Amino acid sequence: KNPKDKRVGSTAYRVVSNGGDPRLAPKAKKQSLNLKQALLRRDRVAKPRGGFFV
Amino acid sequence: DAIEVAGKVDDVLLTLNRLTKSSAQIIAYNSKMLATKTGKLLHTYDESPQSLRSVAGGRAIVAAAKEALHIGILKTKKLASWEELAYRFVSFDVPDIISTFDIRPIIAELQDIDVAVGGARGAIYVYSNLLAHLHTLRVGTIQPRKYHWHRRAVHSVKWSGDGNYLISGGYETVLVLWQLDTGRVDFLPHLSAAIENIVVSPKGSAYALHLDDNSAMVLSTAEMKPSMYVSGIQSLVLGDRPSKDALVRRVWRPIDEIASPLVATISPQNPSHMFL
Amino acid sequence: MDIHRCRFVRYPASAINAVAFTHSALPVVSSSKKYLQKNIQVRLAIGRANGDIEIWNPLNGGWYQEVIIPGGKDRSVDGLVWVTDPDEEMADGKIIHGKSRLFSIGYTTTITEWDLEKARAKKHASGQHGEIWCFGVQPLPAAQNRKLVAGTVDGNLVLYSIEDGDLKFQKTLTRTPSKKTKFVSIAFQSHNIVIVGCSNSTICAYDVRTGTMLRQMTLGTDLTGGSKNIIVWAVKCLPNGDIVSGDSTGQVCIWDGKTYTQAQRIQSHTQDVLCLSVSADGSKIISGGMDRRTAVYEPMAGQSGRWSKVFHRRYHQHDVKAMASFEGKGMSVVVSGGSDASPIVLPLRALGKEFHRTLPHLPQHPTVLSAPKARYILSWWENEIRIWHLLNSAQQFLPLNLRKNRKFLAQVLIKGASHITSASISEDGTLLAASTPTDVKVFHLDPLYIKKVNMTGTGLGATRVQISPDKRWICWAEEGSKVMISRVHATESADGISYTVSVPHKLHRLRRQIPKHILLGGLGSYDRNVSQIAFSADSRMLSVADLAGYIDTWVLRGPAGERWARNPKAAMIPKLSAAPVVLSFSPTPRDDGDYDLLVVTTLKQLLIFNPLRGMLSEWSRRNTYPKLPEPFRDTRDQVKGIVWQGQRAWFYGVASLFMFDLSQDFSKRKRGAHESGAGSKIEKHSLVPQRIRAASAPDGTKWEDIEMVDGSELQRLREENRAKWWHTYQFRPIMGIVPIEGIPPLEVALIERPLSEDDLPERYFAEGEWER
Amino acid sequence: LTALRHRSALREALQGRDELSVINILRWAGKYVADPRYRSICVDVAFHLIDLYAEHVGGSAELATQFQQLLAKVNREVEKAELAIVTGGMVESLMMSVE
Amino acid sequence: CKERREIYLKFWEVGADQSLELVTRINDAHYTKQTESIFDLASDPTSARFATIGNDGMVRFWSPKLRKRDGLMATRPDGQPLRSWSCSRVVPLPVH
Amino acid sequence: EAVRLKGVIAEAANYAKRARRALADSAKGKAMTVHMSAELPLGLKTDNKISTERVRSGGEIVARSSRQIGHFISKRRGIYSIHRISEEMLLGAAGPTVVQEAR
RNA sequence: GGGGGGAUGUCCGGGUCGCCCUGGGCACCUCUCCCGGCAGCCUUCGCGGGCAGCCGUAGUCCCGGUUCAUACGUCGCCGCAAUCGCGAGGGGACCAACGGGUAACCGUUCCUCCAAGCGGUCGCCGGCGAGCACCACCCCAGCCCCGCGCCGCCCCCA
C-alpha cells in the first residue's frame, strides 16, 4: 500500500501516489457496496447456509 | 335463450347431446320445434363434450370440450328467418382440462366477449378479446392471462358485478376475489366446506354460495355476513356428477363411495330433532 | 477410454450485475436487404461482481462467449451501456455503422470506458462526488454531441461528455436538496427529459438542458415490512412516453408521462423488483424480482394503459439482477443475468410459446489444463492457480483409496492485484506461464519446489500464452492482437535444470483485405485478437486464430538460427464462416510431412487442413456439413474442447460428449422451424393454443386449421475420388476435459461444476414472504 | 407436536434441521421420554430423528453422546416399565384374594 | 397405525337450545396392553346410564356422579355442580 | 435378551435385504451409492431408485422427466469417481463400470 | 415375481477332447404369458363390456429442473375463577451415560427436594383508557452495523 505521512507536528510530509490503478480498473468503495447490500436486505434475514455442519 | 325469430323474441332451448361417448352435438329448438321434436343441429364437436352456455341475446354460445373451447358466433344479423341459424365455429386447446368457465359480454349490440376458464390443475385462465380475435385463414396471437391460486380444483370462476372483479370458489374452502385491475387478491377464507357453486346477483349486490355440503348462503358483497342461509341434510351422497377434482389422477384418488351407515339418532324429549 | 469424474474443484461463480446489448432494435427490412443488415456487428456485454466483463455474440441463437476482460480483486462492475453512433453514409452512398463505445463503472466516483481491441481500460473519468450508481446516455432526437448522465450516492446528477473518443466530466447538472436522497435508477423519457428513481420513495423527472426539476413523482409507505421509505429500484420509459417503475414493495407503477403521475399500481412480485425491460415497439414489459421471479406484461386490451400481468415464472436459482432486451434480424430476445451466474435467454416475442434457454455459467474457454506426463491437473481463477496430482491409474483401482488418490498439490499466488487471463504449462509440468494483461510470469517446478522464472521485454501483459511441446518456444497473445514469441533455453547444471528466456521476438500477422467502411464501422478492428494458438506436436508449425475467423500460420526455419517464417500457404488458408471455436494439430503424424489441423467453428462447422498445402484434407473434401450426424448438428452447445485419440477426436461442449473416428466417413430439434432466438418450440405445456380448428359443415365433419402469426456434381466428384461416432448428455455441467497418461488407451480428467446453493450467495427473507 | 402429528407433517417439520438444532431436539425428547402422559409422541418424534439424522453421527461425536444419552435413559425406562408390571401383577392379584 | 390409534369417549350434556357441552373425556376407555378398539355403546332406557363394550373383553357401565374430591362441591360460576360420569361397574365376559 | 436381539437382527436383516437390492442395481449400473467395507455404515440407508413419477401441486401425479431424472443422477454422483467406458458401450452394447469414493 | 426358453462368463467328475454338455453353482441380455398401475376409442343412462394399448425403470437440442398457501372486523392496562408450567437461589442422590485418568477419581450431562419470584390457557352476564397518531415534516443526540485515519499493546528483524 501507500506510505503513511510523516508529520513534524506542524506540517505533514507525505508522498504522492497514483501507481495503483494503472490501466486495469478502479477499486471499489467497500463501504458503498455494503451500502447497496444493506439497501437490498434492509431488515430481512438469511436462512441457514447449507446443511449438517459445525 | 331469448332471441328474435321474426320480430317476436322467444326461448330457444340449446342442448348438447351425445352421439358417442367421445362426441356430442348441440341442437336448438323452438317451442314448436320441441313440439315436433325436431331441432336444428348447430355444431357437433368431438372431445368428450362437457358444457354449453350462452351470451346475451343469442349472439354467441360456448361449449366445453376437455382440452378445448368451442365458440359460436351467429352468422347473419337480425335473424330474419328461422332457418338461417348457422354458427361459424372455431375451436382451440385450453392448456388444461376445463373444469368450468363463465362468460362476460362487451356491449344494443355485443362488441366483444371475455370468457374465463377455470381448471382443476389449480388455475384460472381468462381470455380477453375474443370476438375480434376470432372474427377475422390467419389470426393474431392469443394468450390467456393465467391467474393461479388454488392447489385443488377450482369449482367455479365467475365474472363479477361490474367486470372489474373475478371471483372464485374452490375446494380449499375459500372464496377468492381477484382484483384484476392491480395484481392483488382479497378473499373470504373460511368456509365450512368446499365452495361448490357461486352465482352473481342481477345487480352486483349479492352472491349465492351453494356450499358443497349441501347448503346455500346469500351474501351481500363487501359485508360478507351471510344475509341468507338454507342447509340440507349434509349426509354422504352418491353424487351424480362424479367430481371436479378427480379429473387429473390425484394422489389419493376421489371415489364416490360409502363405507359406513350414516351415524345418527332421534332425540327423546324432542322428536322433531335428529342428530347426525 | 478411462474417465475421472472431478467435482472437487471449487470454481467460483459470481453475480452478474450488468447486461448491455450494443443495439436494442434495428429498423426492419425484408429478406432482400438481409445483405444490407448483414455486417452490423451485434454484441452483448455482461458484467460480473469479480469485475469480469465479457463479450458475447448472440450469433442468431448461437450465444458464443467470445471475450473475457478480467478485473482485479476488490474490483467489480455495476452498470453497462454501449454507445452506438447512427450509421454514416459515405460519398459513394456506402454505409458506415456506428463505432460502438462501451462504458461501465466500478461502484465508485469513477466512470471507465473500455477499449475492446487492446481489451482493457481505455479511459477513466471522475467528477468529485460520492459514488456513481446509475447511468445512461442521452438518446437521439445532437448528431455528434451526445452525453453521459450519471446519478450517484449524494445526489448530484453529473453530466459527462463523450465527443471523439473522449470521456470527461463536463459539469454537474444539479444536486437534490437533502443529503439522504440516494439515486438508484436512471432512464430517459425523451431527448431532454431524464427520469431518476431515488431513495426517499421518489421519482424525479428532471429536464436536463436547463437542469431544472420538472416534476417530483412520489410513492407511499411499504406497508408490508417496516422501513417506511420505499426504494424505486428500476425505471424505464415506454416508447410512447409513459414511465414504468419497479420498486421495493414489488409493485410496478404505470405513470402517465404527460403529467408525470400514476394511472396504475400493479402488484407483481413478493419481494422487491430488481430490473425492468421493454420491447422496442412498446408492447412487452418484463419484470424481474428478488424472489427469483420473472413476470410478463401485456396491455389489458381496450381501456387505455391498464397493463396486465399475463404470467410469471421462477426462472433462475437466485435473483434476477439485470436484464436487457434486443429485437431484430430475425431475433427477439431478452437476457436475464442474475446472481446465480447463469444468463438465461428468453424469447421476447415467443413467450409462453418457446422454451427459454440457460447458458452455461462457465467460461467458454475451458480454463483447465494438465501435464499428462506429470499427471498434474490444474486450473485458475482470480489470482490463485491450483494444481492437483492423481498419482495413480484407474485400472489399479479396477475405492477406499480414491480419497488419497486425489491430492491438493499446489496453490500459487500472484503478486500485484491483476486477475489472471490465461496460463500455459509444459507437458512434464516443470514449466509454467501466467498471462495477465499487465505482466506474464514463468515458473519452474520440482517434485515440491517452485521458482519465479523472470521475463524480460514484456510489462504490457497478455491474454493468451502457449508453451511449445519441446519446451523451447513461448508464444503469447499480448494486447489480444499482438502475438509475440521468445525462445527459452534449458541450461543443465549439477543442481538441475534452469531456464532463460530470450528477448520476446515479435512476429507479424498478415495484412488481410477488408473494406475501410468495415474497418471503421461496428466495433472497428475488434476481431483481430487471436482466439486460440496451437503448436504442432513437434513444435514445428504454429498457428493462431482470431475472432474474425482468420487463421495465420507460421513454419519454423531452423539454422540460434531457429526462426519462424510465415507459411507461404497462409495466403491459401481462407477465413471461416464464423468464429473458430477450436483449432489443434493432430498429434498423429502424416505420411507426406504435412500436418492436419482440426478446426471447428461455432456453426458446428467441422473441418481439417493440410496447411503446408494450404488446402483441406481429402477426408474433409469427402465429409460435408450435412454429412454430420444430427446429434452433433442440433445440440446448440458451443463446443468447448476436443481431445485427441489416434484415429478418433472426442468433442465436448458444455453439456454433451462426442467422439469421431476420423478415418471413416458418414452416411427432436426440427430444422425447418423459424424461431426467435432461444431453443426449440414447445410441444406439450404452453399457455398458447397450438392447434386451432375452424369448422364449416355443422355436422362437424369439415375442419380447417387456422394458423397463428402476427451440389450434385460436387458430391459426384467427392464420391469419385473415393461409421464410428458417439454422443451422450449424461455429464451435464462440464467445465473441462483434459487427457492424461501413465486407437490407444487413454485416461482423461472430466471436470464438472454443478451449481450449489452452498456456492451461490445466501438467500434473504423477512418474516413475511417466506417461500414454500 | 400432537397437532403436527394430527396433520401428518412431522416428517416435513423435522427434515430441515441442522446439527445444533438436532441436538436441542434430541435433549428435549430425552428429557421427556419418561412421563407416560406423552411418551407416545416422545417416542414417535425420536423415531423420526433416528430415521432422519443417523448418518453424520460418525462426523459429529457430540450428538453421538446425546444419541447414547437418548439410548441411556430409555435403557432405564424399560426397567421402569417392567418394574411397574412386576408390582403390576401384585396389586391386581391381591384383589382376587379379598373375596 | 392400528397400534397408534386414538379412541376417545366423549360425554356430553345437552343444552336445550340444541347445544353440546362437555363434561368428560376418557382417553382410554378400554385398555389392555394397547388401547382397545371399542365396539359399541348403549343407553339404559330407565336411568342415566351408558354402556360400553370393546376389544378387551370387558363391558363397562358408566354413571353420572358428582365431581367432589373431599366433600366440597366444585361448581360452575352460577353455583351448579360440575357433574361427571364414571365407570360405575366393570364386567368381564365369558369367552368360548 | 431375546427381545433385544430380535430387534437388532430384524434391523440387520431388513438392511441386508435393501443392501442386496442396492448392489443388484449398482452392478446393473444405476450408479447409486453402496457401501464397500466389512463394517456397518451408521445410517443404514439404502438410497432407493428414483420413482418414475412425481407429486406436483396440488395433489396430482405425472411422469418424471428423463431430464429431471438425469438431474437427480447428477446429484447422486459423489465428489470423485472413475467412470470406465467400454468399447461395447461405444458400440452401443454394454454399460459402464463406475467406482465412487466412499462417502 | 413366477413359469419357462435362446445367449453371455464361471469352477468342481469330466469327455475322443471340443462344438460345449450333462450333474451342482450360477449373474446377465433376449422372448414368452400371468401381476400391478396407467391412459385413449366404441358400447351402454349407469353398471359393466370390447378394442388395439403403454410403463414398472434410468442421464436431456433447449426444456414442467416449472405452477402452487387461507381476510378483515381494535389496541392497551389491571382484576377474578378455574387450570398448568418455568425457576433464581439453597439443597441431596450419587443411578446412569459420556470424556479423560488403569484405577483411585475428576469433569459434563442426567435424576430429585424445597423455593424467592415469575409466566401461559379457557371462561368471565370482569372493569378501566384510548382508537389517523406506533403517522406527515424538520432538527438533535443514541444503539446495531459497515467504511477510513489515529493511537495503545504486541511483533519481528535493528
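Residues numbered from 1 in each chain as written, not as in the entry; some residues may be left out. Chains lettered and ligands numbered in written order. Part of a larger assembly, values for the part shown. Heavy atoms only, no water. Residues with missing side-chain atoms left out of burial classes, pairs and counts.

Regarding how it was determined, this PDB entry cites cryo-EM in its header, along with a resolution of 4.7 Å.

1. Concerning the overall build of chain D
Note the threshold: In this text, helices come from DSSP runs of H or I with a minimum length of four residues, and strands from runs of E with a minimum of two, each type numbered from the N-terminal end. The quantity called the radius of gyration is restricted to C-alpha atoms. Its globule counterpart is 2.2 Å times the number of residues to the power 0.38. Partly exposed describes any residue whose relative accessible area lies between the buried limit of under 20% and the exposed limit of over 50%, with all areas from a 1.4 Å probe on protein chains only and scaled to the type maximum. Any two residues whose heavy atoms approach within 4.5 Å are treated as being in contact.
Along its length, chain D carries five helices and zero strands. Taken from the N to the C terminus, the helices and strands of chain D come in the order α-α-α-α-α. Taken over the C-alpha trace, chain D has a radius of gyration of 18 Å; the compact-globule value for 99 residues is 13 Å, which it surpasses by more than 25%. Each principal axis of the C-alpha distribution contributes one length, and for chain D these read about 60 × 30 × 15 Å. Burial status across chain D gives 27% buried among its 99 residues. For chain D, long-range pairs separated by at least 24 residues make up 69% of all intrachain contacts whose partners lie at least 6 apart in sequence.

2. A word on the nonpolar core
Put simply, the rule is: Put simply, buried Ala, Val, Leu, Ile, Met, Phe, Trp, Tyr and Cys residues joined by side-chain atoms within 4.5 Å make one nonpolar core.
Counting residues in each nonpolar core, the largest one holds 39 residues, and the members touching the most others are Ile-71, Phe-92, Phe-101 and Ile-113 of chain B. Excluding its chain neighbours within four sequence positions, the residues that come into contact with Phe-92 of chain B are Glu-67, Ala-68, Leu-69, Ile-71, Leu-134 and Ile-142 of chain B together with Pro-689, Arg-691 and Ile-692 of chain C. By size, the runner-up hydrophobic cluster in this structure holds 23 residues, among which are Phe-183, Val-196, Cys-204 and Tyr-206 of chain C.

3. Quick look at helix α3 (residues 19-32) of chain D
All names here are of chain D. Filter applied, for reference: By this rule the span expected of a helix is its residue count minus one, scaled by 1.5 Å. What the arc describes is the spread of directions from the helix axis to the C-beta atoms.
Taking 1.5 Å per residue as the helical rise, α3 with its 14 residues ought to reach 20 Å, and the 20 Å between its terminal C-alpha atoms agrees with that figure. Of the residues making up α3, those classed as buried are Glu-19, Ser-21, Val-22, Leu-26, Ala-29 and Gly-30. For α3, the buried positions fall inside an angular range of 165° around the axis, keeping them on one side. Opposite the packed face of α3, turned more than 90 degrees from it, sit the exposed residues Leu-20, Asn-24, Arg-27 and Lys-31. Close packing links the buried residues of α3 with α4 (39-53) and α5 (61-94).

4. A word on the interface of chain A and chain C
Let me state the cut-off plainly: Once two parts are put together, the accessible area they lose, assessed with a 1.4 Å probe and summed over both, is termed the buried area. Any carboxyl oxygen of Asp or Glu within 4 Å of a side-chain nitrogen of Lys or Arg constitutes a salt bridge here. By the criterion applied in these results, polar contacts are pairs of N or O atoms within 3.5 Å in which, for protein atoms, one can donate a hydrogen and the other can accept it, and in which residues neighboring in sequence qualify only through two side-chain atoms.
If you look at the interface, chain A gives 25 residues, while chain C gives 42 residues. Buried surface at the junction of chain A and chain C, both sides included, amounts to about 3,200 Å², of which 60% is carbon and sulfur. Area buried by chain A at its contact with chain C is led by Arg-23, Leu-24 and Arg-49 of chain A, which between them contribute 25% of it. Counting every contact that joins chain A to chain C gives three salt bridges. In this structure, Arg-42 of chain A engages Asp-272 of chain C in a salt bridge whose closest nitrogen and oxygen atoms are separated by 3.6 Å. Our enumeration of links across chain A and chain C arrives at eight residue pairs in polar contact.

5. Topic: the protein's contact with RNA strand G
Rule in force here: Any residue with a non-hydrogen atom lying within 4 Å of a molecule or strand is treated as near it. All residues other than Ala, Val, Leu, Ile, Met, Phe, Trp, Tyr, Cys, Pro, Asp, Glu, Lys and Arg, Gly among them, are scored as polar; the first ten of these are nonpolar and the last four charged.
Every one of the 71 residues lining RNA strand G counts as a neighbour, but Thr-635 and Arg-636 of chain C, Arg-27 and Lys-73 of chain D together with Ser-57 of chain F are closest to it. Restricting attention to atoms of RNA strand G within 4 Å of the protein, one finds that 59% of them are sugar or phosphate atoms. Within the side chain of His-148 of chain B, one N or O atom sits 3.1 Å away from a sugar or linking oxygen of RNA strand G. Contact between RNA strand G and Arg-313 of chain C: a sugar or linking oxygen at 2.6 Å from a side-chain N or O atom of the residue. Counting only elements with at least two residues in the surface near RNA strand G, the list comes to α1 (30-40) of chain A, β18 (185-188) of chain B, β27 (307-313) and β31 (357-358) of chain C, α3 and α5 of chain D together with α2 (66-76) of chain F. In terms of residue count, the dominant contributor to the surface near RNA strand G is α2 of chain F (seven residues). Each residue belonging to the surface near RNA strand G can be placed in one class, and the counts come to 12 nonpolar, 25 polar and 34 charged.

6. A short note on a nonpolar patch on the surface
Note the following rule: Patches were defined on residues exceeding 30% relative accessible area and lacking a salt bridge, with like-charge contacts within 9 Å and nonpolar side-chain contacts (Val, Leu, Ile, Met, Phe, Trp, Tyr) within 5 Å. Using the Shrake-Rupley algorithm and a 1.4 Å probe, accessible areas are obtained, with residue cover drawn only from the displayed protein chains.
On the surface, a cluster of nonpolar side chains totalling about 810 Å² of accessible area is made up of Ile-233, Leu-236, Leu-238, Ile-258, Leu-262, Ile-266, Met-274 and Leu-276 of chain B. In this fold, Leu-276 of chain B is placed in the segment after β24 (270-275).

7. Topic: the pattern of salt bridges
Residues and elements named next belong to chain C. Per the counting criterion, the structure on display carries 42 salt bridges over all chains. Note that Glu-54 and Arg-48 form a salt bridge whose closest N and O atoms lie 3.3 Å from each other. One exposure class covers both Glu-54 and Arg-48, and it is buried. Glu-741 is paired through a salt bridge with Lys-373; the nearest N and O atoms lie 3.8 Å apart.

8. Focus on the packing of aromatic side chains
What characterises a pair of aromatic rings is the spacing of the ring centres plus the angle enclosed by the ring planes. What counts is decided by this rule: Here the aromatic set is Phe, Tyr and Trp, taking the six-membered ring for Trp, and pairing holds for ring centres within 6.5 Å; pairs whose planes are under 30 degrees apart are stacked, those over 60 apart are edge-to-face, and all others are tilted. We call a charge positioned above a ring when the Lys NZ or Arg CZ atom is no farther than 6 Å from the ring centre and deviates by at most 35 degrees from the ring normal.
On inspection of all chains with the given rule, the structure shows 26 aromatic pairs over all chains. Grouped by ring-pair contacts, the aromatic residues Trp-619, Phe-632, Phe-651, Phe-658, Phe-660 and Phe-666 of chain C constitute a single cluster. Over the aromatic face of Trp-133 of chain C sits the side chain of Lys-36 of chain A, whose NZ or CZ is 2.9 Å from the ring centroid. Sitting over the ring of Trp-159 of chain B, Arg-104 of chain B keeps its end group 5.6 Å from the ring centre.

9. Section: α5 of chain D
Given 3.6 residues to a turn, an α-helix orients residues that are three or four positions apart in the same direction. Residues and elements named next belong to chain D. Here α5 spans 50 Å end to end across 34 residues, near enough to the 50 Å set by a 1.5 Å rise per residue. Along α5, the residues classified as buried are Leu-63, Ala-64, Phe-67, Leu-70, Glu-77 and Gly-88. On its buried side, α5 packs onto α3 and α4.

10. Section: a positive patch on the surface
Put simply, the test is: When charges are counted, neither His nor the chain ends are considered; positive counts come from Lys and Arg and negative counts from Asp and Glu. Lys charges are placed at NZ, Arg charges at CZ, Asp charges at CG and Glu charges at CD.
Together, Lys-1, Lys-4 and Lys-27 of chain A together with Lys-73, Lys-415 and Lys-452 of chain C line one region of the surface with positive charge. Relative to the helices and strands, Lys-27 of chain A resides in the loop between β2 (12-13) and α1.

11. Some details on the sheet that holds strand β25 (residues 285-289) of chain C
All names here are of chain C. Counted only if it meets this: Should DSSP find at least two bridges between two strands, the strands are taken to pair. Angles shown run from 0 to 180 degrees and are taken between the N-to-C directions of axes, each axis being a line fitted to C-alpha atoms and, for helices, limited to the stretch in contact.
Spatial ordering of the open sheet is given by β24-β25-β26-β27, a layout of four strands whose pairing is antiparallel. Every interior strand has two partners, whereas the edge strands, β24 (273-278) and β27, have only one. Geometrically, the sheet is characterised by an average inter-axis angle of 25° between neighbouring strands, direction not taken into account. Judged from the five bridges that link them, β25 and strand β26 (residues 293-299) form a sheet pairing that is antiparallel. By the bridge assignment for β26, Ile-285 is matched with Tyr-297.

12. Focus on the interface of chain B and chain C
If you look at the interface, chain B gives 31 residues, while chain C gives 31 residues. For the side of chain B that touches chain C, the secondary-structure elements that each account for two or more residues are β5 (40-45), β9 (87-93), β13 (138-139) and β14 (145-147) of chain B. Sorting elements by how many residues they give to the side of chain B that touches chain C places β9 of chain B first, with five residues. Of the residues in the side of chain B that touches chain C, the class split is 14 nonpolar, 10 polar and seven charged. Relative to strand β58 (residues 707-708) of chain C, β13 of chain B runs parallel, the two sharing two bridges. Bridging across to β58 of chain C, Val-139 of chain B finds its partner in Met-708 of chain C.

13. Notes on the packing of α3 of chain D against α5 of chain D
Residues and elements named next belong to chain D. Stated formally: With respect to orientation, any angle under 35 degrees is reported as roughly parallel, any angle over 145 as roughly antiparallel, any angle of 65 to 115 as roughly perpendicular, and every other angle as oblique. Each crossing gets its hand from how the near helix is turned against the far one by less than a right angle, where anticlockwise is left-handed and clockwise is right-handed.
Relative to each other, α3 and α5 sit at 15°, their axes nearing to 10 Å. Taken as axis vectors, α3 and α5 run roughly parallel relative to one another. For α3 against α5, the interelement crossing comes out left-handed. Counted together, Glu-19, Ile-23, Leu-26, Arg-27 and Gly-30 of α3 and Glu-62, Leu-63, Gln-66, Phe-67, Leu-70 and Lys-73 of α5 form the full contact between these two elements. Of the residues belonging to the contact of α3 with α5, the class tally is five nonpolar, two polar and four charged.

14. Looking at the pairing of strand β6 (residues 51-54) of chain B
Residues and elements named next belong to chain B. Relative to strand β7 (residues 60-64), β6 is paired through four bridges, and the arrangement is antiparallel. Of the residues in β7, the one forming a bridge with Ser-54 is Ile-61. Counting the residues in the hairpin turn of β6 and β7 gives five residues, including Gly-57, whose phi is positive at 60°.

15. Structural notes on unusual backbone geometry
Here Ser-57 of chain F and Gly-58 of chain F are connected by a cis peptide whose omega angle stands at -5°. Examined against the element boundaries, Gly-58 of chain F turns out to sit in the loop between β1 (53-55) and β2 (61-63). Although it is not a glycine, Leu-59 of chain C adopts a positive phi angle of roughly 65°. Overall, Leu-59 of chain C belongs to the buried group, its relative accessible area being 17%.

16. Here we look at the arrangement of the chains
The structure contains eight pairs of chains in contact, of which chains A and C account for the largest number of contacts. You won't find any contact between chain E and chain F; their C-alpha atoms come no closer than 17 Å.

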